[PDB]
Amino acid sequence: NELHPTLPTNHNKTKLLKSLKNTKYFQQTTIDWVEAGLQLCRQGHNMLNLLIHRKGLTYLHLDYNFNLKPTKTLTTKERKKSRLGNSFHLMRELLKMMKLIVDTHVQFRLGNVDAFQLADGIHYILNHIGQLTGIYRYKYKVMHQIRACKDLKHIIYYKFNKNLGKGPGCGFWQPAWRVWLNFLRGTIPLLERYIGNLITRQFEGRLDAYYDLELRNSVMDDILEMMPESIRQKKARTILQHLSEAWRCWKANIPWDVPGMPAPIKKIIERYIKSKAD
Amino acid sequence: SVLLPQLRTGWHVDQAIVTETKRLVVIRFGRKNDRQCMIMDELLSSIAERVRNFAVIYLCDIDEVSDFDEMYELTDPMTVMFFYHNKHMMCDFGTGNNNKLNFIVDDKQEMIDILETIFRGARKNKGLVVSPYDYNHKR
Amino acid sequence: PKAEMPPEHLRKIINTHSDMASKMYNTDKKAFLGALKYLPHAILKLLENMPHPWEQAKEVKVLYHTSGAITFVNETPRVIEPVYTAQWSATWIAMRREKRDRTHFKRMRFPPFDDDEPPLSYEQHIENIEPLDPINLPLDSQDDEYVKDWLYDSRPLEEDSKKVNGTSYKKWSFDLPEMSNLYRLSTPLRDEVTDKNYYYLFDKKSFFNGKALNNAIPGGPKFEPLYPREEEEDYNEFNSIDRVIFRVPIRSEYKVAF
Amino acid sequence: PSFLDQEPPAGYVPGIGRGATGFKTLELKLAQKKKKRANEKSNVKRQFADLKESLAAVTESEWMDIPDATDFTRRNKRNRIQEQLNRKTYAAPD
RNA sequence: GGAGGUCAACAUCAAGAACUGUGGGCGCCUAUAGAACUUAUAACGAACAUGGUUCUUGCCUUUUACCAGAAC
RNA sequence: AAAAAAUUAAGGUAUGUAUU
């Protein structure tokens with residue numbers, strides 16, 4: 532991190548949320564953080580289902596834990612239809628993680644948990660996201676974050692669970708939280724583009752290989768540009784043939800001199816050959 | 003490229019598919035500027051003469067006629083789509099989409115085999131054929 | 130211009146919204162299509178704004194869609210660094226004591242709700258329920274008098290004029306005793322060899338050198354080479370073993386140091 | 004290519020006739081956002105182009121009387137001989 | 001008038017000496033743009049995530065996955 | 001009282017006739 536820092540200047544942008552708010556559609560207020568969390572879970576749930584619905588995948592369903600299941604064992608033809616992209620799954624798993632965290636606060640609010648257990652739980656959640664969600668199946672990269680969290684677990688427990696020291700309690704979660712907060716920051720826009728593109732489609736539906756072919760195209764155009772357009776097409780086809788023949792002749796060491804040709808044309812083709820040869 | 007003709011309306015596409023009873027109708031769907039839609043436009047043009055007796059070729063541009071984008075679902079620079087007696091033909095190149103063609107084929111020869119295979123299998127009403135060379139790895 | 134409104138309006142919208150639900154609200158290009166895409170952004174504000182283990186609850190400002198499409202959380206957490214440090218250390222203390230207190234510490238099962246089980250409404254199920262008190266600490270009243278009166282608020286200091294910038298909460302300054310309490314409380318969490326001298330071969334520069342030279346310190350991390358080729362090993366008069374005089378390891382630490 | 008010539012449809016959709024089978073404020077805001085980024089954020101032709109201007113001079117009679125199809129390697133003859141040589145095979149004797 | 005506004009809009013954003021151009025005021029002073037050099041990249045942020053290209057390590061020679069180094 | 005995990009996914013659609 533220290534060795535390859537970045538440094539940005541962005542005069543240009545004023546916030547998504549500051550901009551988003553302006554105009555008729557949006558409104559602002561206050562709310563219980565938990566309540567908001569609950570809303571978010573439902574929103575995501577609905578939106579993913581909408582996507583699925585639009586795609587016609589009526590034999591799949593999401594449960595309230597964001598697990599995608601089959602309603603009927605499907606045929607391989609239907610399985611091919613079902614093959615759903617990684618980006619979608621990254622969103623889904625992301626939501627799953629979020630849901631999990633929210634739910635523990637809900638249960639604490641119910642008073643069924645314990646403030647200490649709660650802290651231990653959310654700590655645990657962050658540490659073990661690779662097991663609880665399995666998101667890594669759709670980005671393998673995220674392992675870096677997972678491994679980091681694991682390492683943090685090891686260090687912190689050595690520091691307070693080596694006195695007194697066996698099971699849970701714990702409840703410190705700052706470090707691991709930070710890791711995931713940064714991770715998300717780095718992925719948001721990828722998902723935004725994928726989703727955005729998807730939705731607009733819902734409403735819409749040198750090198751050797753490259754160079755030689757471009758070369759011809761450029762040359763033919765200009766020559767086809769000058770053609771008096773009483774005779775353009777006929778005049779052209781034989782225009783193509785000379786380039787092919789002159790390039791054959793270059794290969795074979797035959798000179799390629801021709802009877803009646805205007806000097807200007809004869810220049811261009813030689814220039815082309817010199818370029819192609821190189 | 004100027005060898006092979008172009009189709010300037012979706013109504014030129016449809017009549018062209020119908021009126022050719024005895025031969026394949028091969029179409030490249032894609033747009034002039036593309037890197038990969040220029041390359042195929044070559045490998046076909048060279049082949050079009052050799053094959054004139056069983057296959058007919060045309061060129062179409064997604065931007066010129068966008069009417070056909072949703073029905074056949076066209077994505078990426080270009081798609082090669084084969085038609086015989088109004089019946090959309092279909093082949094498995096080992097690539098995991100049996101409809102149309104995507105990738106750029108490499109040799110002139112391996113391209114002529116595929117056309118020839120499709121025609122021969124097609125003549126018998128068979129809806130699937132197998133490309134002898136399966137470029138799943140390639141694309 | 131941009132007025133704030135009552136939360137009951139929002140509640141009304143979502144009460145209406147549930148009915149609209151899912152596929153039936155297919156139309157909405159102007160609200161639904163626009164609202165969702167930035168929805169992932171919305172998650173970031175909420176997680177970042179997690180309430181913290183000493184808070185009972187956090188009320189936050191949100192931007193919601195009139196259609197009931199989405200909720201974004203408005204607030205950004207501005208904290209006072211020494212205070213925040215002290216607060217976290219406080220809870221660290223508490224955790225150790227609590228663990229000492231009993232053997233059977235129950236950890237959560239996880240997947241808190243059943244797959245098919247639907248959402249409990251916050252408004253009825255939760256709003257009545259009560260906070261149930263959180264962590265905190267039994268700070269001595271005499272020692273931490275200045276600190277204790279405010280230590281566990283969402284703003285570590287309310288809106289003092291002398292103590293603080295003001296309402297906005299950028300910029301802060303304390304008295305000496307305030308600092309000393311904060312410092313003393315934060316001590317368990319922050320322990321370092323404060324002298325520059327302890328980090329003789331553990332600073333950034335030394336790491337950079339170890340990387341560049343492909344010679345990690347025993348403690349230190351090790352990278353790939355950076356410079357590829359170690360191929361040339363040419364015996365020669367300048368180099369030759371009869372000519373050289375041999376004592377000492379020439380440990381990698383020497384290489385980094387010099 | 005007779006159809007290629009003609010140019011007129013009925014006011015007709017392409018899919019249906021053949022018998023075909025298939026195998072605003074938010075927007076404005078988005079546009080604005082994009083703009084806030086555009087604001088913030098060939099050779100071959102050059103080489104030749106200069107020649108192409110050079111061409112302009114040439115007369116229309118000369119454009120016509122241009123020799124048309126000259127082969128200098130006799131590629132066709134050699135290719136045919138090669139195909140004939142490579143045609144059949146034979147079985148090796150016992 | 002003043003503080004505060006978790007309200008917005010519009011500009012810029014490391015610092016310094018020295019060259020060139022433009023504008024204003026009475027050769028001098030001030031502002032803006034470009035180029036070069038230094039500081040340590042003392043930090044616009046004692047925080048640090050993702051992606052594209054080009055190279056170099058492993059690969060099924062495939063990915064909407066990656067391994068771990070480099071530069072842009 | 002000697003010891004279980006740290007790896008993921010696409011390249012897997014039978015034609016063909018008949019009915020809707």
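Chains as they are written, first to last, in full-length UniProt numbering: chain F, 532 to 736, 749 to 821; chain S, 3 to 141; chain E, 130 to 387; chain A, 4 to 26, 72 to 89, 98 to 150. Cβ atoms here follow ideal geometry from the backbone N, Cα and C, with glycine treated the same way.
Check                                                                                                                                                                          : Outcome
Can you confirm whether residue 163(E), when its beta carbon is compared against all beta carbons of chain A, has any partner nearer than 8 Å?                                 : yes
Taking DSSP as the reference, what is the three-state secondary structure of residue 89(S)?                                                                                    : strand
With DSSP as the reference, label residue 696(F) as helix, strand or coil.                                                                                                     : coil
With a cut-off of 8 Å, does the C-beta of residue 21(A) fall near any C-beta of chain S?                                                                                       : yes
Straight-line CA distance for residue 617(F) to residue 597(F)?                                                                                                                : 15 Å
List the DSSP bridge partners of residue 601(F).                                                                                                                               : 591(F)
If the criterion is Cβ atoms closer than 8 Å, does the pair residue 704(F) and residue 659(F) meet it?                                                                         : no
From residue 569(F) to residue 290(E), what does the alpha carbon distance come to, in whole angstroms?                                                                        : 37 Å
Anything in the region 753-771 of chain F with a Cβ closer than 8 Å to a Cβ of chain A? List those residues in chain order, please.                                            : 757, 758, 761, 762, 765, 766, 768, 769, 770 and 771
Out of 590(F), 627(F) and 595(F), which one is the CA nearest neighbour of residue 610(F)?                                                                                     : 590(F)
Does the beta carbon of residue 18(A) come closer than 8 Å to any beta carbon on chain S?                                                                                      : yes
At a Cβ cut of 8 Å, what residues of the region 56-90 of chain S count as close to chain A, listed as they run along the chain?                                                : 67, 69, 70, 72, 73, 74, 75, 88 and 90
How would you write the range of the beta strand (DSSP E) that residue 191(E) sits in, first residue to last?                                                                  : 188-194
When burial is assigned at 16 or more other CB atoms within 10 Å of the CB, is residue 736(F) buried or exposed?                                                               : exposed
To be precise: take each residue of the region 101-117 of chain A, compare its Cβ to all Cβ atoms of chain E, and keep it if any distance is under 7 Å. Which residues remain? : none
For a cutoff of 8 Å on Cβ pairs, would you count residue 797(F) as touching chain E?                                                                                           : no
Any residues in the region 156-189 of chain E with a beta carbon nearer than 8 Å to a beta carbon of chain A? Which ones, in chain order?                                      : 158, 159, 160, 162, 163 and 164
Within the present structure, is the beta-carbon of residue 604(F) separated from the nearest heavy atom of the ligand NAP by less than 7 Å?                                   : No copy of the ligand NAP occurs in the structure displayed, which carries no ligand at all.
Using CA atoms only, rank isn't needed, just tell me which of 256(E), 226(E) and 265(E) is closest to residue 217(E).                                                          : 265(E)
For residue 708(F), which residues in the same chain have their Cβ closer than 8 Å to its Cβ, ignoring the five residues on either side in sequence?                           : 657
Taking the alpha helix (DSSP H) that residue 164(E) belongs to, which residues open and close that run?                                                                        : 163-166
Determine, using beta carbons only, whether residue 18(S) comes closer than 8 Å to chain A.                                                                                    : yes
When burial is assigned at 16 or more other CB atoms within 10 Å of the CB, is residue 251(E) buried or exposed?                                                               : buried
Measure the C-alpha to C-alpha separation of residue 712(F) and residue 177(E) and round it to an integer number of angstroms.                                                 : 7 Å
What whole-angstrom Cβ distance do residue 26(S) and residue 105(S) have, given they're in contact under 8 Å?                                                                  : That belief does not hold up - the Cβ atoms of residue 26(S) and residue 105(S) are roughly 19 Å apart, past 8 Å.
From residue 256(E) to residue 676(F), what does the alpha carbon distance come to, in whole angstroms?                                                                        : 36 Å
Can you tell me whether DSSP reads residue 339(E) as helix, strand or coil?                                                                                                    : helix
Mind listing which residues of the region 722-734 of chain F have their C-beta closer than 7 Å to chain A's C-betas, in chain order?                                           : none
What residue does the beta strand (DSSP E) around residue 58(S) start on, and which one ends it?                                                                               : 57-62
Please state if the CB of residue 175(E) and the CB of residue 715(F) are separated by a distance shorter than 8 Å.                                                            : no
Taking DSSP as the reference, what is the three-state secondary structure of residue 762(F)?                                                                                   : helix
Would residue 126(A) pass as an interface residue toward chain E - the criterion being a Cβ-Cβ separation below 8 Å?                                                           : no
Could one say the Cβ of residue 116(S) lies closer than 8 Å to chain F's Cβ atoms, at least one of them?                                                                       : no
Please list, in chain order, the chain E residues whose beta carbon lies closer than 7 Å to that of residue 72(A).                                                             : 159
So residue 26(S) is in the beta strand (DSSP E); what residue range does that whole segment cover?                                                                             : 26-32
Of all the alpha helix (DSSP H) runs that stay within the bounds of the region 648-692 of chain F, which reach a length of 4 or more residues?                                 : 660-663 and 674-691
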